[PDB]
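Peer 1: Sending over coords_22.cif (mmCIF, C-alpha atoms and all ligand atoms).
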data_structure
#
loop_
_atom_site.label_atom_id
_atom_site.label_comp_id
_atom_site.auth_asym_id
_atom_site.auth_seq_id
_atom_site.Cartn_x
_atom_site.Cartn_y
_atom_site.Cartn_z
CA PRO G 1 56.27 25.51 -30.67
CA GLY G 2 56.29 22.63 -28.20
CA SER G 3 55.24 19.01 -28.60
CA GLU G 4 51.62 18.07 -29.22
CA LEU G 5 51.74 14.63 -27.59
CA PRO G 6 51.45 15.43 -23.86
CA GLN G 7 48.42 17.71 -24.29
CA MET G 8 46.71 15.21 -26.61
CA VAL G 9 47.25 12.29 -24.24
CA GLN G 10 45.98 14.30 -21.27
CA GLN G 11 42.92 15.55 -23.17
CA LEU G 12 42.10 11.97 -24.11
CA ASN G 13 40.98 11.56 -20.47
CA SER G 14 39.14 14.89 -20.29
CA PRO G 15 35.35 14.78 -19.66
CA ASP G 16 34.52 17.60 -22.10
CA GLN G 17 33.42 16.27 -25.47
CA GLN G 18 34.63 19.07 -27.74
CA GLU G 19 38.21 19.24 -26.43
CA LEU G 20 38.42 15.44 -26.20
CA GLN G 21 37.35 15.11 -29.84
CA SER G 22 39.88 17.84 -30.70
CA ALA G 23 42.55 15.63 -29.11
CA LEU G 24 41.19 12.72 -31.18
CA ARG G 25 41.51 14.85 -34.32
CA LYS G 26 45.11 15.65 -33.39
CA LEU G 27 45.81 11.94 -32.92
CA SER G 28 44.32 11.10 -36.32
CA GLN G 29 46.29 13.91 -37.98
CA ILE G 30 49.55 12.86 -36.30
CA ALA G 31 49.16 9.14 -36.97
CA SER G 32 48.41 9.95 -40.62
CA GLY G 33 52.03 10.08 -41.72
CA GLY G 34 55.21 8.17 -40.93
CA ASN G 35 55.51 4.98 -38.92
CA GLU G 36 57.97 6.81 -36.68
CA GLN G 37 55.17 9.30 -35.99
CA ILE G 38 52.68 6.51 -35.30
CA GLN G 39 55.22 4.99 -32.90
CA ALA G 40 55.74 8.37 -31.20
CA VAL G 41 51.98 8.58 -30.68
CA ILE G 42 51.95 5.07 -29.21
CA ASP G 43 54.89 5.85 -26.91
CA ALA G 44 52.93 8.94 -25.83
CA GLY G 45 50.45 6.55 -24.19
CA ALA G 46 47.38 7.25 -26.33
CA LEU G 47 46.26 3.67 -26.99
CA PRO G 48 44.62 2.95 -23.59
CA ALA G 49 42.56 6.13 -23.82
CA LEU G 50 41.62 5.27 -27.41
CA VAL G 51 40.58 1.71 -26.51
CA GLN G 52 38.40 3.08 -23.71
CA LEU G 53 36.95 5.74 -26.03
CA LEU G 54 36.05 2.96 -28.47
CA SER G 55 33.44 1.91 -25.86
CA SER G 56 31.92 5.40 -25.50
CA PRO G 57 28.17 6.06 -25.85
CA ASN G 58 28.90 9.23 -27.87
CA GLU G 59 28.77 8.54 -31.61
CA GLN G 60 31.08 11.43 -32.52
CA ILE G 61 33.92 10.25 -30.29
CA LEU G 62 33.34 6.66 -31.46
CA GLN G 63 33.73 7.61 -35.12
CA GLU G 64 36.76 9.78 -34.33
CA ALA G 65 38.36 6.90 -32.43
CA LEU G 66 37.72 4.69 -35.46
CA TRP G 67 39.48 7.30 -37.62
CA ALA G 68 42.53 7.38 -35.34
CA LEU G 69 42.58 3.59 -35.12
CA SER G 70 42.61 3.15 -38.89
CA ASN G 71 45.44 5.66 -39.19
CA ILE G 72 47.43 3.79 -36.54
CA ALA G 73 46.57 0.40 -38.12
CA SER G 74 48.08 1.55 -41.40
CA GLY G 75 51.62 1.06 -40.07
CA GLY G 76 54.06 -1.65 -39.00
CA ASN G 77 53.07 -4.99 -37.51
CA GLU G 78 54.53 -4.08 -34.11
CA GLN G 79 52.13 -1.13 -33.98
CA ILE G 80 49.17 -3.37 -34.83
CA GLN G 81 50.39 -5.74 -32.11
CA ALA G 82 50.44 -2.80 -29.68
CA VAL G 83 46.86 -1.97 -30.68
CA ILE G 84 45.84 -5.59 -30.08
CA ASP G 85 47.60 -5.66 -26.70
CA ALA G 86 45.56 -2.57 -25.79
CA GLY G 87 42.47 -4.79 -26.01
CA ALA G 88 40.73 -2.95 -28.86
CA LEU G 89 39.40 -5.96 -30.77
CA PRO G 90 36.14 -6.71 -28.88
CA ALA G 91 35.25 -3.04 -29.25
CA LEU G 92 35.72 -3.39 -33.01
CA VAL G 93 33.50 -6.48 -33.16
CA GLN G 94 30.72 -4.79 -31.20
CA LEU G 95 31.06 -1.81 -33.54
CA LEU G 96 30.72 -4.34 -36.37
CA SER G 97 27.27 -4.87 -34.92
CA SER G 98 26.37 -1.19 -35.37
CA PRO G 99 23.59 0.31 -37.50
CA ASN G 100 25.66 3.37 -38.46
CA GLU G 101 26.99 2.47 -41.90
CA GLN G 102 29.85 4.96 -41.59
CA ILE G 103 31.09 3.58 -38.26
CA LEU G 104 30.53 0.07 -39.62
CA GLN G 105 32.67 0.73 -42.70
CA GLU G 106 35.41 2.30 -40.58
CA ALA G 107 35.43 -0.70 -38.23
CA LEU G 108 35.63 -3.02 -41.25
CA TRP G 109 38.62 -1.01 -42.50
CA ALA G 110 40.33 -1.35 -39.13
CA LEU G 111 39.67 -5.09 -38.91
CA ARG G 112 40.83 -5.78 -42.47
CA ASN G 113 44.06 -3.84 -41.96
CA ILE G 114 44.64 -5.53 -38.61
CA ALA G 115 44.15 -8.96 -40.22
CA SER G 116 47.03 -8.35 -42.66
CA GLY G 117 49.70 -9.22 -40.09
CA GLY G 118 51.17 -12.35 -38.59
CA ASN G 119 49.15 -15.46 -37.89
CA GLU G 120 49.07 -14.58 -34.19
CA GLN G 121 47.23 -11.35 -35.02
CA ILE G 122 44.74 -13.20 -37.24
CA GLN G 123 44.16 -15.64 -34.38
CA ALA G 124 43.62 -12.73 -31.97
CA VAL G 125 41.03 -11.24 -34.33
CA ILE G 126 39.33 -14.65 -34.57
CA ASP G 127 39.26 -15.04 -30.78
CA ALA G 128 37.60 -11.62 -30.59
CA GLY G 129 34.66 -13.23 -32.42
CA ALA G 130 34.81 -11.46 -35.78
CA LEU G 131 34.12 -14.40 -38.10
CA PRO G 132 30.36 -14.84 -37.45
CA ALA G 133 29.86 -11.09 -37.81
CA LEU G 134 31.69 -11.08 -41.15
CA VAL G 135 29.85 -14.16 -42.45
CA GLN G 136 26.57 -12.46 -41.56
CA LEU G 137 27.65 -9.22 -43.25
CA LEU G 138 28.41 -11.29 -46.35
CA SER G 139 24.66 -11.17 -47.04
CA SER G 140 24.47 -7.36 -46.90
CA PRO G 141 23.05 -5.54 -49.95
CA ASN G 142 25.49 -2.67 -49.28
CA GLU G 143 28.29 -3.12 -51.81
CA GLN G 144 30.68 -1.11 -49.62
CA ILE G 145 30.33 -3.09 -46.38
CA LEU G 146 30.20 -6.28 -48.45
CA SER G 147 33.46 -5.41 -50.21
CA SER G 148 35.16 -4.54 -46.93
CA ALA G 149 33.95 -7.75 -45.25
CA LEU G 150 35.17 -9.78 -48.23
CA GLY G 151 38.57 -8.14 -47.90
CA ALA G 152 38.65 -8.92 -44.18
CA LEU G 153 37.67 -12.55 -44.82
CA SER G 154 40.35 -12.95 -47.49
CA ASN G 155 42.93 -11.51 -45.10
CA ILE G 156 41.89 -13.86 -42.30
CA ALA G 157 42.00 -16.83 -44.70
CA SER G 158 45.52 -15.79 -45.75
CA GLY G 159 46.91 -17.39 -42.58
CA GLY G 160 47.60 -20.85 -41.24
CA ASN G 161 45.48 -23.89 -41.95
CA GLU G 162 43.73 -23.50 -38.59
CA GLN G 163 42.57 -19.97 -39.49
CA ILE G 164 41.26 -21.17 -42.86
CA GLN G 165 39.43 -23.96 -41.02
CA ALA G 166 37.94 -21.36 -38.68
CA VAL G 167 36.74 -19.32 -41.66
CA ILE G 168 35.14 -22.43 -43.15
CA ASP G 169 33.53 -23.37 -39.83
CA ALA G 170 31.96 -19.90 -39.78
CA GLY G 171 29.93 -21.00 -42.82
CA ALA G 172 31.28 -18.57 -45.42
CA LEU G 173 31.92 -20.92 -48.37
CA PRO G 174 28.33 -21.07 -49.73
CA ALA G 175 28.07 -17.27 -49.75
CA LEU G 176 31.34 -16.94 -51.67
CA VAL G 177 30.36 -19.63 -54.17
CA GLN G 178 27.09 -17.75 -54.65
CA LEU G 179 28.99 -14.50 -55.22
CA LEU G 180 31.14 -16.21 -57.86
CA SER G 181 28.23 -15.66 -60.27
CA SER G 182 27.91 -11.95 -59.46
CA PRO G 183 27.74 -9.39 -62.29
CA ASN G 184 29.72 -7.00 -60.06
CA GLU G 185 33.31 -7.34 -61.25
CA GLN G 186 34.67 -5.54 -58.19
CA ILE G 187 32.97 -7.80 -55.65
CA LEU G 188 33.82 -10.79 -57.85
CA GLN G 189 37.52 -9.97 -57.63
CA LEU G 190 37.33 -10.03 -53.83
CA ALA G 191 35.29 -13.24 -53.82
CA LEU G 192 37.93 -14.92 -55.99
CA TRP G 193 40.62 -13.55 -53.67
CA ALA G 194 38.88 -15.01 -50.62
CA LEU G 195 38.37 -18.40 -52.26
CA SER G 196 41.93 -18.54 -53.60
CA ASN G 197 43.31 -17.81 -50.14
CA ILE G 198 40.99 -20.40 -48.59
CA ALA G 199 42.20 -23.05 -51.07
CA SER G 200 45.81 -22.23 -50.19
CA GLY G 201 45.41 -24.43 -47.11
CA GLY G 202 45.42 -28.17 -46.58
CA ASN G 203 43.82 -30.80 -48.77
CA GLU G 204 40.72 -30.80 -46.57
CA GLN G 205 40.08 -27.10 -47.23
CA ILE G 206 40.50 -27.56 -50.99
CA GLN G 207 38.10 -30.49 -50.92
CA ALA G 208 35.67 -28.34 -48.92
CA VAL G 209 35.79 -25.57 -51.53
CA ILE G 210 35.27 -28.20 -54.24
CA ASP G 211 32.22 -29.57 -52.39
CA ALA G 212 30.77 -26.04 -52.24
CA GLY G 213 30.40 -26.23 -56.03
CA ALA G 214 33.03 -23.69 -57.09
CA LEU G 215 34.85 -25.59 -59.83
CA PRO G 216 32.17 -25.17 -62.56
CA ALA G 217 32.02 -21.40 -62.04
CA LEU G 218 35.80 -21.06 -62.34
CA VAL G 219 35.97 -23.34 -65.38
CA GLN G 220 33.30 -21.17 -67.02
CA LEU G 221 35.08 -17.93 -66.09
CA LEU G 222 38.24 -19.36 -67.67
CA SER G 223 36.78 -18.16 -70.99
CA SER G 224 35.99 -14.61 -69.79
CA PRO G 225 37.24 -11.69 -71.92
CA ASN G 226 38.09 -9.76 -68.73
CA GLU G 227 41.82 -10.32 -68.29
CA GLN G 228 41.64 -9.41 -64.59
CA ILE G 229 38.88 -11.91 -63.78
CA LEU G 230 40.79 -14.44 -65.90
CA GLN G 231 43.96 -13.96 -63.85
CA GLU G 232 41.91 -14.24 -60.65
CA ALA G 233 40.28 -17.48 -61.79
CA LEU G 234 43.69 -18.86 -62.74
CA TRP G 235 45.00 -18.01 -59.27
CA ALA G 236 42.06 -19.81 -57.67
CA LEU G 237 42.37 -22.86 -59.91
CA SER G 238 46.13 -23.14 -59.31
CA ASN G 239 45.57 -23.01 -55.56
CA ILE G 240 42.89 -25.68 -55.87
CA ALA G 241 45.12 -27.93 -58.01
CA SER G 242 48.03 -27.63 -55.57
CA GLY G 243 46.45 -30.36 -53.41
CA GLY G 244 46.17 -34.12 -53.61
CA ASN G 245 45.46 -36.31 -56.62
CA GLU G 246 41.74 -36.43 -55.85
CA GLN G 247 41.47 -32.64 -55.99
CA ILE G 248 43.45 -32.46 -59.25
CA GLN G 249 41.16 -35.14 -60.66
CA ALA G 250 38.11 -33.10 -59.64
CA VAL G 251 39.69 -30.10 -61.40
CA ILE G 252 40.13 -32.16 -64.55
CA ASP G 253 36.55 -33.43 -64.28
CA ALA G 254 35.37 -29.81 -64.45
CA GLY G 255 36.87 -29.50 -67.95
CA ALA G 256 39.74 -27.09 -67.25
CA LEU G 257 42.30 -28.78 -69.50
CA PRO G 258 41.01 -27.49 -72.87
CA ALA G 259 40.79 -23.88 -71.67
CA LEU G 260 44.29 -24.07 -70.18
CA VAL G 261 45.83 -25.71 -73.26
CA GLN G 262 44.29 -22.99 -75.42
CA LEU G 263 45.53 -20.26 -73.07
CA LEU G 264 49.01 -21.70 -73.56
CA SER G 265 49.04 -19.96 -76.98
CA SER G 266 48.08 -16.50 -75.68
CA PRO G 267 50.30 -13.43 -76.27
CA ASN G 268 49.62 -12.00 -72.78
CA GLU G 269 52.69 -12.80 -70.68
CA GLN G 270 50.75 -12.53 -67.40
CA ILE G 271 48.11 -15.02 -68.58
CA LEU G 272 50.87 -17.21 -70.02
CA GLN G 273 52.73 -17.44 -66.72
CA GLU G 274 49.49 -18.04 -64.84
CA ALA G 275 48.40 -20.87 -67.15
CA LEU G 276 51.88 -22.38 -66.88
CA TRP G 277 51.56 -22.27 -63.09
CA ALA G 278 48.14 -23.92 -63.28
CA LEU G 279 49.31 -26.74 -65.55
CA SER G 280 52.46 -27.20 -63.45
CA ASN G 281 50.36 -27.70 -60.33
CA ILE G 282 48.11 -30.04 -62.32
CA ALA G 283 51.05 -32.11 -63.58
CA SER G 284 52.17 -32.44 -59.96
CA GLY G 285 50.56 -35.71 -58.99
CA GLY G 286 48.94 -38.84 -60.35
CA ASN G 287 49.98 -40.51 -63.58
CA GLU G 288 46.27 -40.41 -64.49
CA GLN G 289 46.28 -36.61 -64.34
CA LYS G 290 49.56 -36.37 -66.25
CA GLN G 291 48.10 -38.61 -68.95
CA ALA G 292 44.95 -36.47 -69.15
CA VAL G 293 47.16 -33.40 -69.60
CA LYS G 294 49.21 -35.17 -72.28
CA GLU G 295 46.15 -36.23 -74.27
CA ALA G 296 44.83 -32.66 -73.93
CA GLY G 297 47.60 -31.57 -76.32
CA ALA G 298 49.86 -29.86 -73.80
CA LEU G 299 53.23 -31.44 -74.66
CA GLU G 300 53.32 -29.89 -78.15
CA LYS G 301 52.58 -26.37 -76.90
CA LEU G 302 55.10 -26.68 -74.05
CA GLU G 303 57.82 -27.85 -76.44
CA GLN G 304 57.01 -24.85 -78.62
CA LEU G 305 56.99 -22.44 -75.68
CA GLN G 306 60.46 -23.63 -74.77
CA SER G 307 61.50 -21.41 -77.71
CA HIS G 308 59.82 -18.23 -76.40
CA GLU G 309 62.27 -15.33 -76.17
CA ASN G 310 61.24 -14.44 -72.61
CA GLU G 311 63.38 -16.36 -70.16
CA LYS G 312 61.06 -16.97 -67.21
CA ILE G 313 58.31 -18.32 -69.47
CA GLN G 314 60.88 -20.56 -71.16
CA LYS G 315 62.19 -21.87 -67.83
CA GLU G 316 58.70 -22.48 -66.43
CA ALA G 317 57.63 -24.32 -69.59
CA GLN G 318 60.73 -26.51 -69.26
CA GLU G 319 59.83 -27.14 -65.61
CA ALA G 320 56.28 -28.16 -66.53
CA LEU G 321 57.58 -30.47 -69.25
CA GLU G 322 60.03 -32.15 -66.86
CA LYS G 323 57.21 -32.60 -64.35
CA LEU G 324 55.08 -34.12 -67.11
CA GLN G 325 57.72 -36.73 -67.97
CA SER G 326 59.54 -37.58 -64.74
CA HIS G 327 57.17 -38.86 -62.08
CA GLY G 328 55.59 -36.76 -59.34
CA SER G 329 53.39 -28.08 -55.87
CA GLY G 330 53.20 -24.35 -55.13
CA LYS G 331 50.67 -22.26 -53.22
CA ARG G 332 50.13 -18.49 -53.17
CA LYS G 333 48.45 -16.29 -50.55
CA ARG G 334 47.55 -12.59 -50.77
CA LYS G 335 46.94 -9.92 -48.10
CA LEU G 336 45.13 -6.59 -48.49
CA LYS G 337 46.57 -3.70 -46.46
CA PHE G 338 45.52 -0.08 -46.99
CA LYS G 339 46.80 3.18 -45.51
CA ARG G 340 45.06 6.55 -45.18
CA CA G 401 21.75 3.12 -40.65
CA CA G 402 22.97 -2.45 -52.91
CA CA G 403 28.86 -5.57 -64.20
CA CA G 404 39.45 -7.81 -72.88
CA CA G 405 52.49 -9.68 -75.38
#
Please render this file's structure as structure tokens.
Peer 2:
Amino acid sequence: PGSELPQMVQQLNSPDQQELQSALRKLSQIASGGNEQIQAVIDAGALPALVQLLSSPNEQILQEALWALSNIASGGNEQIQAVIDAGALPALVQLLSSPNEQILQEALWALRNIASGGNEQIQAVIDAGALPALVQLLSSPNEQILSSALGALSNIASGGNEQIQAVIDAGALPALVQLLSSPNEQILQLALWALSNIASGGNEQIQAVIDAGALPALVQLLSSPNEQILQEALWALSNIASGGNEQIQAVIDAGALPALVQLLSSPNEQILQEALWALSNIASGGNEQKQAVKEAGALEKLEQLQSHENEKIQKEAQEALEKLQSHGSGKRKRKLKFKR
């Protein structure tokens, strides 16, 4: 009976801690549902009270506000834009500097989900000062905060070239290249995601990733028996080889051609399409690189794979062959967004 929004919004400004946190619980429970419901909460006028509560000295109300914020930030991009217009980002960064691992993880969740929107929202997060905090958290021994910070960095690097350049300027690349040799498959996946999205930028970013010393690690992982890590390494290598002739030549110098030509004969359709993408991006430049691909034994396997029964693999093999003959690129970005 009755609507729960007016009472919740009014209690958000109440001085009593128990009833105010009860209102916060109601807001979390309401925003955990349909985007129409999240929008109804926003229209109720809760966001200003929540953004002010995010700066509270009480840890309970701070964690509850983080809860509500995540639930709200699991919706449409207009709702995330409303959250940003409320001025909640600096609060999240300061919370990023908090010794409570639970509040820290929740703030990382909120930032990562916020950074899955338009480039303007990524730029707003950057202006809030998140990047240095995330690059510093990249050294944390806590696999949970590390994984969340990697996700956030990947999402920020999934934007325009200027955002990728900001991520690089923060000094993240060496940490990610270090993580490339991690025995933790789960953190490795996110490291490869972040690097792939970084290398989806301009030629300068791809050359920067190359200078960080990543190519040998990826060329070595190309022979991994873990199909997921293999697909991730293929994504990263394709994004690296989507650049200029110098970058493609650096890729070839790392010894990728034999592994790719061998993968051309795999029965896994996902790996087949990914290797075709990689070789297509490779055969998208200098005649030197095309000749290296030819002498690596690719033409024979492509001519054979033009007979594969699957139609997309056939068409993509024909595209790669045409690129290999006729004289001289695709990039892929990925965002992580999670609800709750
Ligand atoms: Ca602690
Ligand atoms: Ca640990
Ligand atoms: Ca392991
Ligand atoms: Ca396997
Ligand atoms: Ca198969």
Peer 1: Residues within 10 Å of residue G:307, please, as a short mmCIF file (atom, residue, chain, number, x, y, z; two decimals) with C-alpha atoms, keeping the file's coordinate frame. Count only C-alpha atoms; anything in the same chain fewer than 5 positions from it doesn't count.
Peer 2:
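Result written to out.cif:
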data_model
loop_
_atom_site.label_atom_id
_atom_site.label_comp_id
_atom_site.auth_asym_id
_atom_site.auth_seq_id
_atom_site.Cartn_x
_atom_site.Cartn_y
_atom_site.Cartn_z
CA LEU G 302 55.10 -26.68 -74.05
CA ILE G 313 58.31 -18.32 -69.47
CA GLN G 314 60.88 -20.56 -71.16
CA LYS G 315 62.19 -21.87 -67.83
CA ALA G 317 57.63 -24.32 -69.59
CA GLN G 318 60.73 -26.51 -69.26
#
Peer 1: How many Å lie between atom CA of residue G:44 and atom CA of residue G:104, rounded to one decimal?
Peer 2: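 According to the coordinates, atom CA of residue G:44 and atom CA of residue G:104 are separated by 27.8 Å.
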Peer 1: Would you mind reading off the distance between atom CA of residue G:63 and atom CA of residue G:147, one decimal, in Å?
Peer 2: 19.9 Å
Peer 1: Do you have, as a tab-separated table, the list of residues of chain G lying at most 7 Å from ligand CA 402 (chain G), each with its nearest atom pair and that distance in Å to one decimal, counting all atoms listed in the file and ordered by chain then number?
Peer 2:
residue	atom	partner	partner_atom	distance
G:141	CA	G:CA402	CA	4.3
G:142	CA	G:CA402	CA	4.4
G:143	CA	G:CA402	CA	5.5
Peer 1: Which residues are near ligand CA 401 (chain G) - at most 7 Å, using only C-alpha atoms and all ligand atoms? Format: as a ChimeraX atom specification.
Peer 2: /G:99-101
Peer 1: Is there a way to get, as a PyMOL selection string, all residues within 8 Å of the point (39.5, -12.5, -60.8) in file coordinates, counting all atoms listed in the file?
Peer 2: chain G and resi 188-190+192-193+228-235
Peer 1: Would you name the residues within 7 Å of ligand CA 403 (chain G), counting only C-alpha atoms and all ligand atoms, and put them as a PyMOL selection string?
Peer 2: chain G and resi 183-185
Peer 1: Enumerate, in order of chain and increasing residue number, the residues of chain G with an atom no farther than 8 Å from ligand CA 405 (chain G), each with its shortest atom pair and distance in Å to one decimal, counting all atoms listed in the file, as JSON lines.
Peer 2:
{"residue": "G:267", "atom": "CA", "partner": "G:CA405", "partner_atom": "CA", "distance": 4.4}
{"residue": "G:268", "atom": "CA", "partner": "G:CA405", "partner_atom": "CA", "distance": 4.5}
{"residue": "G:269", "atom": "CA", "partner": "G:CA405", "partner_atom": "CA", "distance": 5.6}
Peer 1: Expressed in Å to a single decimal, how great is the separation between atom CA of residue G:5 and atom CA of residue G:340?
Peer 2: 20.5 Å
Peer 1: Show which residues sit within 12 Å of residue G:40, as a list in words. Count all atoms listed in the file, and ignore same-chain residues fewer than 2 positions away.
Peer 2: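 The filter keeps residues 3, 4, 5, 6, 9, 27, 30, 31, 33, 34, 35, 36, 37, 38, 42, 43, 44, 45, 46, 47, 72 and 79 of chain G.
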Peer 1: Please produce a file of those selected residues containing C-alpha atoms, as a PDB file, in the frame of the given file.
Peer 2:
ATOM      1  CA  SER G   3      55.240  19.010 -28.600  1.00  0.00           C
ATOM      2  CA  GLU G   4      51.620  18.070 -29.220  1.00  0.00           C
ATOM      3  CA  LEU G   5      51.740  14.630 -27.590  1.00  0.00           C
ATOM      4  CA  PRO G   6      51.450  15.430 -23.860  1.00  0.00           C
ATOM      5  CA  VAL G   9      47.250  12.290 -24.240  1.00  0.00           C
ATOM      6  CA  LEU G  27      45.810  11.940 -32.920  1.00  0.00           C
ATOM      7  CA  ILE G  30      49.550  12.860 -36.300  1.00  0.00           C
ATOM      8  CA  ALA G  31      49.160   9.140 -36.970  1.00  0.00           C
ATOM      9  CA  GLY G  33      52.030  10.080 -41.720  1.00  0.00           C
ATOM     10  CA  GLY G  34      55.210   8.170 -40.930  1.00  0.00           C
ATOM     11  CA  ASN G  35      55.510   4.980 -38.920  1.00  0.00           C
ATOM     12  CA  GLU G  36      57.970   6.810 -36.680  1.00  0.00           C
ATOM     13  CA  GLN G  37      55.170   9.300 -35.990  1.00  0.00           C
ATOM     14  CA  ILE G  38      52.680   6.510 -35.300  1.00  0.00           C
ATOM     15  CA  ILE G  42      51.950   5.070 -29.210  1.00  0.00           C
ATOM     16  CA  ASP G  43      54.890   5.850 -26.910  1.00  0.00           C
ATOM     17  CA  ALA G  44      52.930   8.940 -25.830  1.00  0.00           C
ATOM     18  CA  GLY G  45      50.450   6.550 -24.190  1.00  0.00           C
ATOM     19  CA  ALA G  46      47.380   7.250 -26.330  1.00  0.00           C
ATOM     20  CA  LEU G  47      46.260   3.670 -26.990  1.00  0.00           C
ATOM     21  CA  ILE G  72      47.430   3.790 -36.540  1.00  0.00           C
ATOM     22  CA  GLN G  79      52.130  -1.130 -33.980  1.00  0.00           C
TER      23      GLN G  79
END
Peer 1: Wanna dump the chain G-ligand CA 404 (chain G) contacts at 8 Å for me, each residue with its shortest atom pair and the distance in Å to one decimal, counting all atoms listed in the file, ordered by chain and number, as CSV?
Peer 2:
residue,atom,partner,partner_atom,distance
G:225,CA,G:CA404,CA,4.6
G:226,CA,G:CA404,CA,4.8
G:227,CA,G:CA404,CA,5.7
Peer 1: Taking into account only C-alpha atoms, which residue in the set G:136, G:186, G:119, G:196 is nearest to residue G:236?
Peer 2: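 For residue G:236, the nearest of the candidates is G:196.
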Peer 1: With distances taken over all atoms listed in the file, which of G:288, G:204, G:211, G:300 is nearest to residue G:245?
Peer 2: G:288
Peer 1: Which is closest to residue G:148 among G:106, G:120, G:162, G:127, if we use all atoms listed in the file?
Peer 2: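 Of G:106, G:120, G:162, G:127, the one nearest residue G:148, counting all atoms listed in the file, is G:106.
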Peer 1: Determine the nearest neighbour of residue G:279 from the options G:151, G:160, G:297, G:216, counting all atoms listed in the file.
Peer 2: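 Closest to residue G:279, using all atoms listed in the file: G:297.
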Peer 1: Quick one: residues within 10 Å of (49.5, -20.7, -76.4) (file frame), counting all atoms listed in the file, please, as JSON, numbers by chain.
Peer 2: {"G": [260, 261, 262, 263, 264, 265, 266, 267, 268, 271, 272, 275, 276, 298, 301, 302, 304, 305]}
Peer 1: Name the closest residue to residue G:270 among the candidates G:135, G:310, G:23, G:156; distances are taken between atoms, counting all atoms listed in the file.
Peer 2: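 Nearest candidate to residue G:270 out of G:135, G:310, G:23, G:156: G:310.
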Peer 1: If we count only C-alpha atoms and set the cut-off at 12 Å, which residues sit around residue G:339, ignoring sequence neighbours fewer than 3 positions away in its own chain? Please answer as a PyMOL selection string.
Peer 2: chain G and resi 31-35+67-76+109-110+112-114+116+336
Peer 1: List the spatial neighbours of residue G:14 as JSON, numbers by chain - criterion: any atom at most 12 Å away, only C-alpha atoms, same-chain residues fewer than 6 positions off excluded.
Peer 2: {"G": [7, 8, 20, 21, 22, 23, 24, 49, 53]}
Peer 1: Starting from the incomplete input, reconstruct N, CA and C atoms of stretch 322-336 of chain G and write that as a PDB file, in the coordinates of the input.
Peer 2:
ATOM      1  N   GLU G 322      59.335 -31.181 -67.701  1.00  0.00           N
ATOM      2  CA  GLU G 322      60.030 -32.150 -66.860  1.00  0.00           C
ATOM      3  C   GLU G 322      59.078 -32.797 -65.866  1.00  0.00           C
ATOM      4  N   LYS G 323      58.196 -32.005 -65.245  1.00  0.00           N
ATOM      5  CA  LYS G 323      57.210 -32.600 -64.350  1.00  0.00           C
ATOM      6  C   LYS G 323      56.279 -33.547 -65.089  1.00  0.00           C
ATOM      7  N   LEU G 324      55.990 -33.263 -66.360  1.00  0.00           N
ATOM      8  CA  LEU G 324      55.080 -34.120 -67.110  1.00  0.00           C
ATOM      9  C   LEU G 324      55.724 -35.454 -67.455  1.00  0.00           C
ATOM     10  N   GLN G 325      57.040 -35.476 -67.648  1.00  0.00           N
ATOM     11  CA  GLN G 325      57.720 -36.730 -67.970  1.00  0.00           C
ATOM     12  C   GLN G 325      58.144 -37.481 -66.707  1.00  0.00           C
ATOM     13  N   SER G 326      59.144 -36.963 -65.998  1.00  0.00           N
ATOM     14  CA  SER G 326      59.540 -37.580 -64.740  1.00  0.00           C
ATOM     15  C   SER G 326      58.371 -37.581 -63.764  1.00  0.00           C
ATOM     16  N   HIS G 327      58.331 -38.602 -62.915  1.00  0.00           N
ATOM     17  CA  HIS G 327      57.170 -38.860 -62.080  1.00  0.00           C
ATOM     18  C   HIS G 327      57.098 -37.905 -60.893  1.00  0.00           C
ATOM     19  N   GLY G 328      55.883 -37.739 -60.373  1.00  0.00           N
ATOM     20  CA  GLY G 328      55.590 -36.760 -59.340  1.00  0.00           C
ATOM     21  C   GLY G 328      56.557 -36.694 -58.179  1.00  0.00           C
ATOM     22  N   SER G 329      54.670 -28.657 -56.285  1.00  0.00           N
ATOM     23  CA  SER G 329      53.390 -28.080 -55.870  1.00  0.00           C
ATOM     24  C   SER G 329      53.598 -26.755 -55.144  1.00  0.00           C
ATOM     25  N   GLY G 330      53.007 -25.691 -55.674  1.00  0.00           N
ATOM     26  CA  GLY G 330      53.200 -24.350 -55.130  1.00  0.00           C
ATOM     27  C   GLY G 330      51.888 -23.671 -54.818  1.00  0.00           C
ATOM     28  N   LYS G 331      51.853 -22.976 -53.680  1.00  0.00           N
ATOM     29  CA  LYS G 331      50.670 -22.260 -53.220  1.00  0.00           C
ATOM     30  C   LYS G 331      50.998 -20.786 -53.013  1.00  0.00           C
ATOM     31  N   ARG G 332      49.982 -19.941 -53.209  1.00  0.00           N
ATOM     32  CA  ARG G 332      50.130 -18.490 -53.170  1.00  0.00           C
ATOM     33  C   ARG G 332      49.015 -17.881 -52.331  1.00  0.00           C
ATOM     34  N   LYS G 333      49.388 -17.026 -51.379  1.00  0.00           N
ATOM     35  CA  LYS G 333      48.450 -16.290 -50.550  1.00  0.00           C
ATOM     36  C   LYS G 333      48.596 -14.794 -50.823  1.00  0.00           C
ATOM     37  N   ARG G 334      47.543 -14.031 -50.521  1.00  0.00           N
ATOM     38  CA  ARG G 334      47.550 -12.590 -50.770  1.00  0.00           C
ATOM     39  C   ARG G 334      46.853 -11.854 -49.630  1.00  0.00           C
ATOM     40  N   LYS G 335      47.479 -10.774 -49.160  1.00  0.00           N
ATOM     41  CA  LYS G 335      46.940  -9.920 -48.100  1.00  0.00           C
ATOM     42  C   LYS G 335      46.634  -8.533 -48.641  1.00  0.00           C
ATOM     43  N   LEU G 336      45.546  -7.947 -48.143  1.00  0.00           N
ATOM     44  CA  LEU G 336      45.130  -6.590 -48.490  1.00  0.00           C
ATOM     45  C   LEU G 336      45.404  -5.686 -47.293  1.00  0.00           C
TER      46      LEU G 336
END
